[PDB]
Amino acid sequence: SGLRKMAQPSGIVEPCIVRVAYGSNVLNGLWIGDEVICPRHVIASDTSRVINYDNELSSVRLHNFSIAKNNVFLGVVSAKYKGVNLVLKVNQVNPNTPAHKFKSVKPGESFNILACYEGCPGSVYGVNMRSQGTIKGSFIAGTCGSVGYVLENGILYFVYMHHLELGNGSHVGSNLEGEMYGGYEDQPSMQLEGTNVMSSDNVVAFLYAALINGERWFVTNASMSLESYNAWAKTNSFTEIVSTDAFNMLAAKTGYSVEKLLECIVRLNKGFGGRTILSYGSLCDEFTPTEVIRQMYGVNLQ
């Protein structure tokens, strides 16, 4: 029993983290093959005013880079922008490059953050991509370049590189192609996050987890069609459910239909009445159906 936000093991990613320093800036880079990827703003001369990245790459001095992993320093051969990321060809192939692919995470999907501090892997935790392309993590100075990843059907996927934090505390990053999530820009300009839309798929899985544990106070006999629930969701800042097929095992083992839980959401969306579901005071959308299944009946851990 028990539900906890988790991260997939990080051992495969740790050997790819390097310290990247340029001028007075220090952050992290991803060393895979003969290439080091890091946020391009590390070569910006002043991150307090608008940045002319064209005029930063053209004045860059390759010898002024300092890339290191445990007293092993790499020389930069060439530098180019891949989106908002610098792609640095280095003079040494990473001997510990794992088999890997690249992909982007979508709203509601969970992935792992390897929080790195000035080149030192420090912690690992699970996160969830929000509707506006942001995550609510724990990033501070020197953690840019921290990598996000997911393991699926035994394949490492690099899906996130940290770039900045918005004024409201939300954390913005990019994919490994340099496309910033949510369309945000790596500039010190005032940028706003829209209304957050809660993942209905994850809230259903969250309620399934409570039932599996033994918490049943919020359930009744009432049900609601995915069509009636989707109509409400479009006006209550909730996503629309595309299928119940992802909840087949949960429904089979609990004996509760997705529609019965769709009704619990609209009813519980008005207030838990001082009550609690798995120690949470309101609806939680941080656990995906896969995350719940992995913890309750350790199946398909990747």
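When you see a residue number, it is the position in the sequence shown, counting from 1.
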For the higher mean C-alpha B factor in the entry, choose 212-220 or 187-195. 212-220
Mean B factor on CA atoms, stretches 17-25 and 290-298, record says higher is 290-298
Of the residues 268, 43, 37, 62, the one whose Cα carries the largest B-factor in the deposited record is 268
Say you rank 66, 70, 243, 239 by Cα B-factor from the PDB entry; which sits at the top? 243
Sorting the chain's modelled residues by C-alpha B-factor and splitting them into thirds places residue 249 in the highest
With respect to C-alpha B-factor, does residue 153 fall in the lowest, middle or highest third of the chain as deposited? highest
For residue 81, the third of its chain by CA B-factor is the middle
Once the chain's modelled residues are ordered by C-alpha B factor and cut into thirds, is residue 179 in the lowest, middle or highest one? middle
Ranking every modelled residue in this chain by its Cα temperature factor as given in the entry, which third contains residue 233? highest
